[PDB]
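Taking the form deposited in one PDB entry, here's one chain by itself in structure tokens.
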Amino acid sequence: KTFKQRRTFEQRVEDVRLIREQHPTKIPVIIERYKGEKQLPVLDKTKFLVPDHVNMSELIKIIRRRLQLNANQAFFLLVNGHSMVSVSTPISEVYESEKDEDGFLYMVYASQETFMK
């Protein structure tokens, strides 16, 4: 069950508001596994509060470690399930350009082997 299937739009908006009140310097990011991915594991949490000054490289490192990926494991992080962004892009720029109507920034991860369709 995806995040958008678990919480309604107005609940997700409310979530973003509470996160903004309590963590005004964080970007609220929803990170989920690509559907049908089997190599990489599901994560124990879905909402990541990302410091708003870092770039995409830092988010990738955060996800690599929470996935406990092996050193030689390659994967893809796709904004809104489709977009590849340069690792040097500041996360605040991705957020203002690609955030959902509900205020979260959504990303999905998938292994190289999954895309070797």
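Just count from 1 along the sequence shown to find any residue number. Residues that one form lacks are left out of the comparison. Rigid core here is just the name for the largest C-alpha set that superposes within 1.5 Å across the two forms.
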item: Stretch with the higher entry mean CA B-factor, where the candidates are 22 to 30 and 36 to 44; value: 36 to 44
item: 72 to 80 versus 87 to 95 - greater average Cα B-factor per the deposited record; value: 72 to 80
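Just so you know, the form solved in complex with a partner chain exists too; it's not on screen, but the next bit is about it.
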| property | result |
| --- | --- |
| Heavy atom of residue 47 within 4.5 Å of the partner chain in the deposited bound form | yes |
| Contact label in the deposited bound form: residue 35 to the partner chain, heavy atom within 4.5 Å | no |
| 4.5 Å heavy atom contact, residue 102 and the partner chain in the deposited bound form | no |
| Non-hydrogen atom contact residue 40 with the partner chain in the deposited bound form at 4.5 angstroms | no |
| Candidates 30, 43, 85, 40 - which moves between the shown form and the other one, C-alpha at least 2 Å, core fixed | 85 |
| Note on residue 75-residue 83 C-alpha separation in the deposited bound form, which departs from the shown form by 3 angstroms or more | closer |
| In the deposited bound form, shift in Cα separation for residue 76 relative to residue 83, 3 Å or more | closer |
| Residue ranges moving between the shown form and the other one (criterion: at least three consecutive CA positions shifted 2 angstroms or more, core aligned) | 80 to 86, 112 to 114 |
